[PDB]
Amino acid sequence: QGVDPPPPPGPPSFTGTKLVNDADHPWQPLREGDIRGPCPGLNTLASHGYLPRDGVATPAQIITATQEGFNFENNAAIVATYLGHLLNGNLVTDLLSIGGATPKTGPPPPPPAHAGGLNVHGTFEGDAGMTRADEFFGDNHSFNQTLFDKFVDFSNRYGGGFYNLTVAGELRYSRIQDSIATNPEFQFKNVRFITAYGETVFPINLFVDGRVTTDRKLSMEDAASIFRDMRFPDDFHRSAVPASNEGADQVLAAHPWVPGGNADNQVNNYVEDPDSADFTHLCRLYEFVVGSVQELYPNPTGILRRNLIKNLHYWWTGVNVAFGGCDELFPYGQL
């Protein structure tokens, strides 16, 4: 009949560096039924047992795993996790797939809600990623070697053979241009416009070993290990401080860009959307997502309504801080 979802964990008691690729968290191969998806962070946490190895977890489990494994900052974890859960998880069982659809998330919600997992395109997952291809080309979740070869190429061209903040700026822009030129359904607005800049610095802030204090840069070997194999580098130590999207601003500044998309199902036809969230209008992302949730859940009652109310509030607790203050919305009233 369902679960009563607890509030998110706070930051970890210990926030320093530590060995996370340790004897208790060994890499293991996929078994039948195990789910993996478009996020190399969650994928690696699952394949080392920081998350359930089957790739289905509670919000609380995801938050604690991102903190334990990578020192992902608490509010960034809350913002990402409840966004993913509201849109793509099962609110009644309190379970989210980190990939595609699975019976492991329990009885399906009422359509148009789906609990289809992080693989679901168009409100969270989106276009112009680093190692995943746009959904238009048929697969938005698998590692793509051609794209990784570009990652390596740009690292050679701008980062001395390593991925650093200069590389991030160049790659992000070039990937947007690729999608403009080749994907007639290319969208780069609302959630995706914001998350895409954060994700380009996570490799620097979170995939670089925490004992590297200066000149933080990621080797192609370490990049392949995480992005392709879902495996921590040998002896991997997490960031020495909670971290998330530091430097994303510089990535945008290197190639200023405006949210929008290819209009009218044509390539090379990018039109700005002035209503979209952007980095000086972050609260629009909050409002947009709450609207999306209402479309998924037009008239909930009982446990589903209760858990929607709680999850919306949990998400707001992170958004309020991360976005610098947003008025909470109550589309379903209060408990």
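We number the residues from 1 along the sequence you see.
Taking only CA atoms, the mean B-factor in the PDB entry is higher for 258-266 than for the other of 142-150 and 258-266.
Higher mean CA temperature factor between 267-275 and 285-293: 267-275, per the PDB entry. Annotation for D215, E73, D94, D229: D215 ranks highest, by Cα B-factor. For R36, the recorded CA temperature factor ranks within the lowest third of the chain's modelled residues. In this PDB entry, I78 carries a Cα temperature factor that places it within the lowest third of its chain's modelled residues.
When the modelled residues of the chain are ordered by their C-alpha B factor, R53 lands in the lowest third. Compared with the other modelled residues of the chain, the Cα B-factor recorded for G10 ranks in the lowest third.
Ranked within its chain, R238 lands in the lowest third, by CA B factor from the PDB record.
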